[PDB]
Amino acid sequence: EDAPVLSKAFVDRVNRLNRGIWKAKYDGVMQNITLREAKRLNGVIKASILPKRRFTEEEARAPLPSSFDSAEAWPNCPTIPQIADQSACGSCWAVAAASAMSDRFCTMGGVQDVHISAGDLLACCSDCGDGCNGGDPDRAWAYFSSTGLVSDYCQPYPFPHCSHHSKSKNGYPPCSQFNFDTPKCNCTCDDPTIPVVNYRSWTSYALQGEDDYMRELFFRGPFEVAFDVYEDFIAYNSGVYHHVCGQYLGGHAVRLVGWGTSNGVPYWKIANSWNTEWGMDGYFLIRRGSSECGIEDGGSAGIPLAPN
């Protein structure tokens, strides 16, 4: 449990079972992560309480391109290419939700650059689950509708950037010296001289399957998906992931941003929440079409309401 997840032996058998479609790395940023540390990162816990997306006749007939990138589609939205760090907490369900909400304020909500507070969601939605011990993406978006959230400016994410590297390029403190509990729920801003601006959605819905994902992304931008994390994913470095090896570590929520083809392999482009040192500058590609690790089973999304 305090034993390391990864080994040269493990990674070498992954690089041979995956046939070179993707690349795993032993001596990368997660070389020393413990089973306990890797499990904590995967905080999705709990058919759907949200109605299924209904596309209009016009949405349904759009001929979707062979490849798509949200940052390229909305180049005046600076939150889309930013990468989150959940830190040493099982908060992915809240961090992925808040990231896509920020993005959607720019693609739909008439607001170029607001960061919705992951920390507010994590601490104040007890409906959603148990904070840093995990929660439900679906209920995160229902809370954004029913109650609303404050910005990052009002309540900064309480947990600092940390590295699994013992000597980090960005100089962050090691994640090994940290084990955080659910923060206190606050009504006003951390700095009491900053006034509270409340942000709310008017509707929340669910996406299921490949067509739902591409069509929703194309019209309205990034949203929250979840998948099963296996030990081999922790060592991911490049290319299009598919599970070949290792035990289940839990469910993990991420932000979907695009799709494409790499040498005949169809993929999703995804923003993880483990900072820019991990994977492809914080992104990974995963196989598209076969619900790889269940990634196509359930997305969560909503439409933000323009302020004043």
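Residue numbers run from 1 along the displayed sequence.
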(message) Between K46 and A47, what class does the number of missing deposited residues fall in: none, 1 to 3, 4 to 9, or 10 or more?
(response) 4 to 9
(message) If you average the CA temperature factors as listed in the entry, which stretch comes out higher, 261 to 269 or 60 to 68?
(response) 261 to 269
(message) Using only C-alpha atoms and the B-factors in the entry, which stretch averages higher, 25 to 33 or 242 to 250?
(response) 25 to 33
(request) Go through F144, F219, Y230, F180 one by one and give the residue whose Cα B-factor in the PDB entry is largest. (result) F180
(message) Looking at the C-alpha B-factor values in the deposited entry, which of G209, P160, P78, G148 comes out highest?
(response) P160
(request) Ordered by C-alpha B-factor within the chain, which third holds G302? Give me lowest, middle or highest, please. (result) lowest
(request) Could you tell me which third, lowest, middle or highest, the C-alpha B-factor of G90 occupies within its chain? (result) middle
(message) Per the entry's values, where does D152 land by CA temperature factor relative to the rest of its chain, in the lowest, middle or highest third?
(response) middle
(request) Tell me, lowest, middle or highest third: where does the Cα B factor of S117 rank within its chain? (result) lowest
(request) Place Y199 in the lowest, middle or highest third of its chain's C-alpha B-factors, as listed in the PDB entry. (result) lowest
